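Just one chain is shown here, as structure tokens, and it is the form deposited in one PDB entry.
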């Protein structure tokens, strides 16, 4: 309770699934939140469902849109005051092996999953350093930042990139006393409406050969580790990977 007292958080892709759960728990712990998403209909409903405009608002944004990042920080500071906390959560998938990835598919996925995270991390350091905010950048990765999947080649590339790029940012911020931490969160399989819309997906993901716990996670599993990383409880954690995966990567 009040674990994020005074924090101001941007959560990209915060209108659905993991991002929406992070936003919900952030508001419940006293943070002011700006969620982003592609679609006004979904985004405005999502913000209203979590709380009042004094607590949480929506900003329509594609994380691949570099100029839009400036507008997003400006809109969040106008609404809530200086941003302390960024969750780079917006991401897309391509179900292709490296062999069967088109260059179009490659560039489209990296635009969101890599460029978008770079744009958010770079602007976050610039805008949140040296302000005594206890600033925290949480770069959403996944188990595919650690292990290959033969049918997620570009996705693997993006998650490995974010994993190590985040360590570079963590070290530079630490060495320069910027009061900015950077960490990655690595969900395993998480049940969402999108997973429910794919027949057989949850059962395949719940197989003991994939998830040892024999079931998949829920969005709040990722929200709770994000509360810890956004909070001043984690003031000595930077450049670290936090895995919440039901044992996927342990075997």
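Positions refer to the first chain, counted from 1.
Keep in mind that the form solved in complex with a small molecule is missing from the display, and what follows is about it.
- Only one of 77-85, 152-160, 124-132, 167-175 places residue heavy atoms within 4.5 angstroms of the small molecule in the entry with it bound, namely 152-160.
- Proximity of residue 55 to the small molecule in the entry with it bound falls outside the 4.5 Å heavy atom cutoff.
- In the entry with it bound, the small molecule stays beyond 4.5 Å of every heavy atom belonging to residue 206.
- When the small molecule is considered in the entry with it bound, residue 32 lies well away from it, no heavy atom lying within 4.5 Å.
- Though the partner is left out of this view, residue 190 does reach within 4.5 Å of the small molecule in the entry with it bound, counting heavy atoms only.
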